[PDB]
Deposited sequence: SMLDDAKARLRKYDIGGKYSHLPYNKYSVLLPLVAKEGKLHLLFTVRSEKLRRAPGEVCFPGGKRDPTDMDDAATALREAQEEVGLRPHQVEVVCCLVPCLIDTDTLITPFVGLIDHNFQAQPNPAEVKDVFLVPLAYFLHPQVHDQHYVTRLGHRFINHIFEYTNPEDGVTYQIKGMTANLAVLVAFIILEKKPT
C-alpha cells in the first residue's frame, strides 16, 4: 500500500538514537505526513507574529526538549499537541532523520510521523497563526524565488501563497526524495 511503502522507505534512513545523548541544547521537530485524495502531504505551521524567535515563519511543529520528555520523539509529540492539538494516539512516529546542527551549540532532531485520517488541526493562536498542507510531490518541482532559495506554494483551495525556506524547506525536500524517488506510475 501507499502507506506501507512510505514507512518502508523512511525506515532505511532512520538514525534512531545514535546522536541523541550528545551534550547540546536540544530541540525536536515533527514532520507530519497526511494522506489526502490518494497522495501524501506535509503539514506546516505559520508561527505567531507575537513570538520572539522567527515570528510569522513557516516551520514544522516542534520546540525545545524539557525535563519531562522521555526521549527526543516525546519532545516533538508534546510540542505538536501544544501547537496544533495533535494527540499521541493520532500519530505513528516512523523514524528519526539526520539531525541539524546550528549555532555551534544546538542540535535539532527531526522525526517523521504518519498522521491519523480523523485528525483535524486546532491551531493554538498563542503559538501558531496558521496550519496548512503541501503535497509532498510539490518539493520535487517547487516554485523557487531567490532573495538564497525560497519556495512559494499557493494553496489552490484559497489562493494563499506561503513562503517556505531554510531548514524547513531542506527537510521537506529530503522527505519527498526518500518517499517518492524511483516509483512506477
Task: Sequence ranges absent from the coordinates, based on the deposited chain and numbered from 1 - done: 148-158
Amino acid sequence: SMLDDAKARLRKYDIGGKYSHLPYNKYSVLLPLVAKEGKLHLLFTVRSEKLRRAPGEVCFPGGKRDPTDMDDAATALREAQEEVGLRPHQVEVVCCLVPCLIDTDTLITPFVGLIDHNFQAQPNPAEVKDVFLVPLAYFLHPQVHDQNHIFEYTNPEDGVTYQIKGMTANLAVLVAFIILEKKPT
From here on, numbers count along this sequence of modelled residues.
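For the two forms, the rigid core is made up of the largest set of C-alpha atoms that agree within 1.5 Å on superposition.
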Open item on the list: Using the rigid core for superposition, please say which stretch has the greater CA deviation in 8 other deposited structures of this protein, 52-60 or 131-139.
Closed with: 52-60
TODO: Tell me which of 138-146 and 35-43 has the higher mean C-alpha B-factor in the deposited entry.
DONE: 138-146
TODO: Between 99-107 and 72-80, point out the one with the higher average CA B-factor as the PDB entry records it.
DONE: 99-107
TODO: Pull the Cα B-factor of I15 out of the PDB entry and bin it into the chain's lowest, middle or highest third.
DONE: highest
Open item on the list: Quick check on the deposited entry: does the C-alpha B-factor of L3 sit in the lowest, middle or highest third of its chain?
Closed with: highest
TODO: Please rank the C-alpha B-factors of the chain's modelled residues and tell me whether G56 sits in the lowest, middle or highest third.
DONE: highest
TODO: Ordered by C-alpha B-factor within the chain, which third holds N25? Give me lowest, middle or highest, please.
DONE: middle
TODO: State the tercile, meaning the lowest, middle or highest third, of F119 with respect to the CA B-factors recorded for its chain.
DONE: middle
